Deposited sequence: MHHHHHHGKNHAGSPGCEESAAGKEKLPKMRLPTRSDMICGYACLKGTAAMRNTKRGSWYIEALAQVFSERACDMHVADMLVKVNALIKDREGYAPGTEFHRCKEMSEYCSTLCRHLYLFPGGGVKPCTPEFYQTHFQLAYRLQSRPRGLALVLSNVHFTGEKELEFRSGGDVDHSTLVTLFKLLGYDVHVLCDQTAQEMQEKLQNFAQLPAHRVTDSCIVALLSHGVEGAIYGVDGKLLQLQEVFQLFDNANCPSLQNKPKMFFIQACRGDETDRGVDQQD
């Protein structure tokens, strides 16, 4: 018997209560760093240790935006884990999750960039680079990549559930879900300015609702703000 939820790792672009930073031309700091590390190190580093390298890149970066509150601002990424083994992507086998299927798993990249005005949510310039980054990266890592763009909260919920329920998960070894949008602590916005709670997303993939993925590693990457606080940072003593 299993707990209701296990074997997930969830990477967050920023800390609870704070904004995640995005360059209007290069894309989000977190996705940029994530793909930079994964592309270089997926061959010899497990995913949790790779996210520590990502943390180190984000800790060192600072904002460029002269004349605004984001100039010289800071951000800190984090990850949370219910993994019970090393997660090597194998693009060591005995103490790691089994990860040999072809494809290695299904991946979903869900990007909201153009918003329909209902709330004050702005165009996410650079989100196109983030989207291209993850689609290409996950394909090169051996995943069968599904894509969704500019979805409402209800479309997100319905299509995430459809993705979780796909029969293909029975014959793969892992899963990836990447969500990129505006958001608040614990929830992400659809393009209509309505919220999808992240706990409801994770539940779609848990051991009760998604038996096809029981005991298989499930990766979530969340590029979204978690609040309104801009981190001014601190001087090193």
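Residues of the deposited sequence lacking C-alpha coordinates fall in the stretches 1-30, 122-135, 282, numbered from 1.
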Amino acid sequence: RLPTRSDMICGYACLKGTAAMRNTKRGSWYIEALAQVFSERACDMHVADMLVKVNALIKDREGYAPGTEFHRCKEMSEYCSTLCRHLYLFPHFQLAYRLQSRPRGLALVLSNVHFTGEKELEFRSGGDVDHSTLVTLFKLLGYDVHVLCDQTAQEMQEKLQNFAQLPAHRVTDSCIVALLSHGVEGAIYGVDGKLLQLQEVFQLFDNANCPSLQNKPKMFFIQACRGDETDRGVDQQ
From here on, numbers count along this sequence of modelled residues.
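Of the two segments examined, 156-164 and 92-100, it is 92-100 that shows the higher average Cα temperature factor in the deposited entry. Between 51-59 and 206-214, the higher mean Cα B-factor belongs to 206-214.
Residue-level inspection of the entry shows that, of 31, 176, 187, 43, 43 has the top Cα B-factor. When the modelled residues of the chain are ordered by their C-alpha B factor, residue 65 lands in the highest third. Residue-level temperature factors show residue 170 in the highest third of its chain, judged at the C-alpha atom. Residue 18: CA B factor in the highest third of modelled residues in this chain (values from the PDB entry). Residue 80: CA B factor in the lowest third of modelled residues in this chain (values from the PDB entry). Remark: residue 114 belongs to the lowest third of its chain, ranked by C-alpha B-factor as recorded.
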